[PDB]
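Only one chain is shown below, in structure tokens, and it's the form deposited in one PDB entry.
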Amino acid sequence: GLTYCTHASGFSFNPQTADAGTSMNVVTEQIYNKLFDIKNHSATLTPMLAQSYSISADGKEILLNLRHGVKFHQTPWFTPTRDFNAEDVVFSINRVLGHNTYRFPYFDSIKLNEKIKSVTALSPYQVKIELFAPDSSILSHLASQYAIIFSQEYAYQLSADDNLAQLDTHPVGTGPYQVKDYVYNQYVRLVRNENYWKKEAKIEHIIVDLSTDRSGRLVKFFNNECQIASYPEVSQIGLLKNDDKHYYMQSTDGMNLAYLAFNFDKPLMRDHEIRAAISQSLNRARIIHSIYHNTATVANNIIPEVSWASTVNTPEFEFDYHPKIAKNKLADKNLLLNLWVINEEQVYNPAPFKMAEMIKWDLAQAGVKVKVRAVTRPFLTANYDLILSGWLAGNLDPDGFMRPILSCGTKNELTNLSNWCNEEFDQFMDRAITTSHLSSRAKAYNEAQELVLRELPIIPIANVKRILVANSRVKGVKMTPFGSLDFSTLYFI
């Protein structure tokens, strides 16, 4: 038996209804399968519930050849009568599109229904996707944590009794692990799926512990009630070592960006002169040590270096810390600005309010008055001059993170906190998915990044590392920038 301890913050049996850029769902990574997986810095489509695919010459039609003999979980709440087929695929994508099955933040922010025309079953083992125009990002989005396949047989039985809410309370998937029992925001008890379509899970029983706070997580670990500890307290990390023979640490870089956005609804914030000066006033180097204790990189980029689309070696930032230039342009302007901070646990921010004080301090030195406000996620959904946020993405295709944050389509949404719209940026972004090749795609993505780093719609603060601690007994631990953790590969020695 293995125990995985992590935060109750962001816990869901459905990453589709969850707010985008906030989590990597460690639970749905084990109980649900996608059509494809992408687990390499080359973005190679690993076939999962889809054996293979082919794209029409014009680029507007994708055919998915689905795997045979795949069966859904046999749980107390559901007992399947048939194998996985095209009907389960058709139901799952049509739901997020808003089409006949007979708010999805991620899929809304990438505008899937504007990408996809139709998803239809040709054979029981063949699905046809119609596209409005060629999109080289479609299968990467269907390779993401958000594109899990649900049971059509289960949803038909649930819709029979108005019970379709149960889908997210009592799950049924094709994953290597199966849900046994749980208590909300406390624990999840997983059991190995015996009739899995791939190499079977090595550990029969896994418990996902959500109960303990960030501080007492390493406490529970060293008390041996916890064999893998995820997201530990940042100050506690500097107490640990890599020499120890009873525990090891594993870090990973990726798309985990903390940033500051300018509200472009504020006539002052639409001024490039003040935006470039505010950035010059911020000592982002000093923030990385006080907030992240060497578990982050000062970010002068939006696309991480682990992305296939990082062809720029992140050049020197033209609006980096210089308080003398900042003091001149801002003090004489006599500015007072409302800085909002989302009051929640952030994966890109261990201490978001502490950082908001360090920003309030750095800006006062250059003659800017900042008034920080603790704001809730739904209150924001219902005014700020600056907001402190970020993005965590496993999908390292910049269509999945740069489009939600900076595109015109998402301006009046929670994803684009800048309320920015640049038709030249949208130009590069649209171009980057009409071309199918990585050379062509990375060129347009670096052009858009270069535009973002000069127009300054956001100030990138940190390149954050996801950390975990594991016991020496536990082998088969592989932390990747591409997703959560695969519990299938875990085993004791």
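Note that residue numbering begins at 1 and tracks the sequence as displayed.
K.L.:
So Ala18 is built in this one, but is it left out in a third or more of the other compared PDB entries that include its neighbours?
P.N.:
Affirmative; at least a third of those entries omit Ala18.
K.L.:
What about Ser109, left without coordinates in a third or more of the other entries of this protein that model its neighbours?
P.N.:
Other entries vs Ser109: none skip it.
K.L.:
Does the deposited sequence hold unmodelled residues between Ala382 and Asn383, and if so, how many: none, 1 to 3, 4 to 9, or 10 or more?
P.N.:
Unresolved stretch here: 4 to 9 residues.
K.L.:
Between 176-184 and 238-246, which has the higher average C-alpha B-factor in the PDB entry?
P.N.:
Stretch with the greater average CA B-factor: 238-246.
K.L.:
318-326 versus 212-220: which one carries the higher mean Cα B factor per the record?
P.N.:
Comparing 212-220 with 318-326, the higher average CA B-factor belongs to 318-326.
K.L.:
In terms of CA temperature factor as recorded, identify the highest of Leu363, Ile148, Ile207, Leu392.
P.N.:
Top of the list by C-alpha B-factor: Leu363.
K.L.:
If I read the C-alpha B-factors straight from the PDB entry, which of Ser144, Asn283, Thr252, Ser137 is highest?
P.N.:
Of the options given, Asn283 has the highest CA B-factor in the PDB entry.
K.L.:
If you rank every modelled residue in this chain by C-alpha B factor, which third holds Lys60: lowest, middle or highest?
P.N.:
For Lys60, whose C-alpha B-factor we compare with every modelled residue in the chain, the answer is the highest third.
K.L.:
Rank-wise, by C-alpha B-factor, drop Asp397 into the lowest, middle or highest third of its chain.
P.N.:
Within its chain, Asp397 is a lowest-third residue by C-alpha B-factor, going by the deposited values.
K.L.:
Comparing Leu190 with the other modelled residues of its chain, is its CA B-factor in the lowest, middle or highest third?
P.N.:
Answer is lowest: the recorded C-alpha B-factor places it there.
K.L.:
Just say lowest, middle or highest third for the CA B-factor of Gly367 relative to the other modelled residues in its chain.
P.N.:
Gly367: CA B-factor falls in the highest third of its chain.
K.L.:
Please rank the C-alpha B-factors of the chain's modelled residues and tell me whether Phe104 sits in the lowest, middle or highest third.
P.N.:
Highest third, going by the recorded CA B-factors of the chain.
The protein also exists as the form deposited in another entry; that form is not presented, and the subsequent description refers to it.
K.L.:
Relative to what we see here, could you say if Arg377 and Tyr32 have their Cα atoms closer or farther apart in that other deposited form, with a change of 3 Å or more?
P.N.:
The answer is farther, because the C-alphas of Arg377 and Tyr32 separate from each other in that other deposited form by 3 Å or more.
K.L.:
Looking in that other deposited form, are the Cα atoms of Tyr184 and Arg377 closer together or farther apart than here, the change being 3 Å or more?
P.N.:
Compared with the shown chain, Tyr184-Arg377 is farther in that other deposited form.
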